[PDB]
């Protein structure tokens, strides 16, 4: 499938190959087995130009895989600040919750990504959102001893 090759070029960081596949008309939202889209894979691996190429062709910025994970979740977890920023400008749901009720803010708090945390807050991240464990991102910064972050959040 074109969407099959699109998914692999996105994961492999092959900018030229993504553009060609999209110009050919690969399904910009093709799904792998767990419902990942090429945008999840580009966000997961930090391929900003691909994220960019994908949005341009209409990728659903808010796609969810079978776990309810969005590309923003992946960018925030893995610490790709510039992917966070591009996704947010294209309308990514700042307060999307995955299967554990984790917002992208919870994930950036868990991993201690300070610049991502500020960026998300700038775009309206709900500081008061509890996950399914009944934790806010502040609770998590309290639970991890990240005083720098706890200081951002309180």
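Residue numbers count along the first chain shown, from 1.
Taking the mean of the C-alpha B-factors per stretch from the entry, tell me the winner out of 121-129 and 99-107. Mean C-alpha B-factor is greater for 121-129.
With respect to the recorded C-alpha B factors, which stretch has the higher mean value, 139-147 or 21-29? Taking the mean B-factor of the alpha carbons in each, 139-147 is higher.
Tell me, please, which of 38, 112, 46, 91 has the highest C-alpha B factor according to the deposited entry? Result of the comparison over 38, 112, 46, 91: 112.
Which listed residue, 61, 42, 34, 53, has the largest C-alpha temperature factor in the record? The C-alpha B-factor peaks, among 61, 42, 34, 53, at 34.
Is residue 72 in the lowest, middle or highest third of its chain when residues are ranked by C-alpha B-factor? Lowest third - that is where residue 72 ends up once the chain's C-alpha B-factors are sorted.
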